[PDB]
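Novice: Sequence first, structure after; it's an experimental one.
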Amino acid sequence: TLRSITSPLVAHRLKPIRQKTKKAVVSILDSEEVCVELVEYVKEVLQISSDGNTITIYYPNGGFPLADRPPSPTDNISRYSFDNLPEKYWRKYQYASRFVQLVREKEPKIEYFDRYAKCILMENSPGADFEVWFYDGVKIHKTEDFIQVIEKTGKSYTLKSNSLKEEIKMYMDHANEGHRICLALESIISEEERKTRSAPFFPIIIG
Amino acid sequence: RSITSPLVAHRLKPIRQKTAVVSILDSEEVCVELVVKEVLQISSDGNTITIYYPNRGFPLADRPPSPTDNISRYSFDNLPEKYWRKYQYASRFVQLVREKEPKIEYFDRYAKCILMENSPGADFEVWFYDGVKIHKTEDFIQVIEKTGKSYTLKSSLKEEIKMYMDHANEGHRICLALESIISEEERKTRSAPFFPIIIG
């Protein structure tokens, strides 16, 4: 069971992207499906559901040239659950998940303009990244692992654990309020998309 | 006061229109330059009017003349009648901006919904992805079919279009519920404003 190792990917609300590695192309489609074309001709396509829990695999007949769109499916097709997926495709599923993990860290879920900064909560929940692009060129990025400060000069620092330099704290004190605010809205609005179950309320731009 | 209510320019993006010149400043203050020779600056909340004269003077710049010492402040109530029709010009203008100024853009699978800033009872435009368009108002609803066949109903079932009108009504209910939820939170937080908002 792939489960014993990794976890199902999440691509919900991800804008489209196509990147060519050497071994193959990876995509996020308008459907928020994830496509891995193994490879210059495509010999194998994996199409993972936006949830992670479904993997569709189709081949050609013959020895599928490269393209904008991925190749429309064939009758040589299969479907697996995350649990049923054969070992053979596991490292492919993990390429797709690493990639998607990359995108979500940089995919805004909420953009909020305070008097003093642009605040960005990312899609890499739980514990998503949080960027604060101060309008006077200060930058504070918060991560589960750590916090990066960049000063108006370019002095850039990490704090995996505080006294900063006091003046840093005015900015960090703000960053924190912004995080508390974007985390309260995300909860409120998320509550609403539960109660209504209509169309996604994310991402949002505020102010 | 007896007549017009104080204007509201909260969250309105800047604009200078020439006719007198009227402006909404980056401060959400409303400026009327009469022609210059007189400047009225109404507060974003409508209740304070600052009036200053040149020391004519003031050639028509693209920005309002910086402040002078021939200056007055009034309350909405204190405002002398000499200035009432100037205030009312400013109020009509702002009513016009607000009706076309969006507070909420929501992207449904079928359409773009826009609740405007002309509360209470704000306009609600539904720009369907297929080219259908519905515009709700307190007075009436305009329907534009894909053809162009406009139809300003004022009170009715015409069939088929009811599929779209039902969607439009859902979107309104959804946008009117988000406004309430995010409005509660803004009441409880004291942070920077939460509107406008784009969702989707």
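Specialist: That came in fine, so what should we check first? Numbers count the residues shown, from 1 in each chain, chains lettered A, B, ... in the order given.

Novice: distance of the residue lying farthest from the centre of chain A from chain B?
Specialist: No residue in chain A has its C-alpha farther from the mean C-alpha position than residue A:62, which lies at 35.2 Å (CA atoms, centre = their mean). From residue A:62 across to chain B, the span is 38 Å (CB to the nearest CB, to the nearest Å). All C-beta spots, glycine's among them, are computed from the backbone N, C-alpha and C.

Novice: did I read that right, that residue in a helix?
Specialist: No. With DSSP: H, G, I helix; E, B strand; the rest coil as the criterion, residue A:62 is located in coil rather than a helix.

Novice: buried ones in stretch A:124-132?
Specialist: A:124, A:128, A:129, A:130, A:131, A:132 (16 or more other CB atoms under 10 Å in any protein chain shown).

Novice: That should have said stretch A:74-81, apologies.
Specialist: When burial is assessed from 16+ other CB under 10 Å, stretch A:74-81 yields the following buried residues: residue A:80.

Novice: C-alpha coordinates for that stretch, PDB please?
Specialist: These are the backbone C-alpha positions of stretch A:74-81, laid out as PDB (Å, rounded to 0.1, in the frame of the first residue of the first chain):
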ATOM      1  CA  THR A  74      -6.900   5.500 -25.200                       C
ATOM      2  CA  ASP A  75      -8.800   2.100 -24.600                       C
ATOM      3  CA  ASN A  76      -5.500   0.700 -23.100                       C
ATOM      4  CA  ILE A  77      -6.500   2.400 -19.800                       C
ATOM      5  CA  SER A  78      -6.500   1.400 -16.100                       C
ATOM      6  CA  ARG A  79      -7.800   2.800 -12.700                       C
ATOM      7  CA  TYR A  80      -6.400   2.200  -9.200                       C
ATOM      8  CA  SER A  81      -7.200   3.500  -5.800                       C
END
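
Novice: now, which of the buried residues of stretch A:124-132 sits nearest chain B?
Specialist: Comparing those against chain B with CB to the nearest CB picks out residue A:132 as the nearest, at 12.7 Å.

Novice: Up against chain B, what does chain A have?
Specialist: Within reach of chain B by CB under 8 Å from any CB of the partner chain, chain A has these residues: A:112-115, A:177, A:181, A:184-185, A:188-189, A:192, A:196, A:198-207.

Novice: Quick check on the residues you listed: which are buried?
Specialist: Buried among the residues of chain A next to chain B by 16+ other CB under 10 Å: A:112, A:114, A:177, A:181, A:185, A:189, A:192, A:199, A:201-204, A:206-207.

Novice: which residue ranges form the helices in chain A?
Specialist: Here chain A has its helices, by DSSP state H, at A:87-105, A:167-196.

Novice: Which strands and helices lie in contact with the longest one?
Specialist: Read that as helix A:167-196. Under the contact criterion of 3 or more CB pairs under 8 Å, 6 or more residues apart in numbering or on different chains; DSSP states H and E, helix A:167-196 touches strand A:108-113, strand A:117-122, strand A:130-134, strand A:139-142, strand A:147-150, strand A:204-206, helix B:161-189.

Novice: What residues sit buried inside that helix?
Specialist: A:168, A:171-172, A:174-179, A:181-182, A:185-186, A:189, A:192.

Novice: Render the CA-only coordinates of stretch A:85-101 in PDB, please.
Specialist: Extracted C-alpha coordinates of stretch A:85-101, given in PDB (Å, rounded to 0.1, in the frame of the first residue of the first chain):
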ATOM      1  CA  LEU A  85      -1.800   1.200  -7.100                       C
ATOM      2  CA  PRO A  86       0.900  -1.300  -8.100                       C
ATOM      3  CA  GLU A  87       4.500  -0.800  -6.800                       C
ATOM      4  CA  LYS A  88       5.600  -0.200 -10.500                       C
ATOM      5  CA  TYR A  89       4.000   3.300 -10.400                       C
ATOM      6  CA  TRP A  90       4.800   4.300  -6.800                       C
ATOM      7  CA  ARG A  91       7.900   6.500  -7.600                       C
ATOM      8  CA  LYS A  92       5.800   8.200 -10.400                       C
ATOM      9  CA  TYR A  93       3.000   9.000  -7.800                       C
ATOM     10  CA  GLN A  94       5.700  10.500  -5.500                       C
ATOM     11  CA  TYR A  95       7.100  12.700  -8.400                       C
ATOM     12  CA  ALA A  96       3.600  14.100  -8.800                       C
ATOM     13  CA  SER A  97       3.100  14.700  -5.000                       C
ATOM     14  CA  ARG A  98       6.600  16.400  -4.600                       C
ATOM     15  CA  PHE A  99       5.700  18.600  -7.600                       C
ATOM     16  CA  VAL A 100       2.200  19.400  -6.300                       C
ATOM     17  CA  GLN A 101       3.700  20.000  -2.800                       C
END
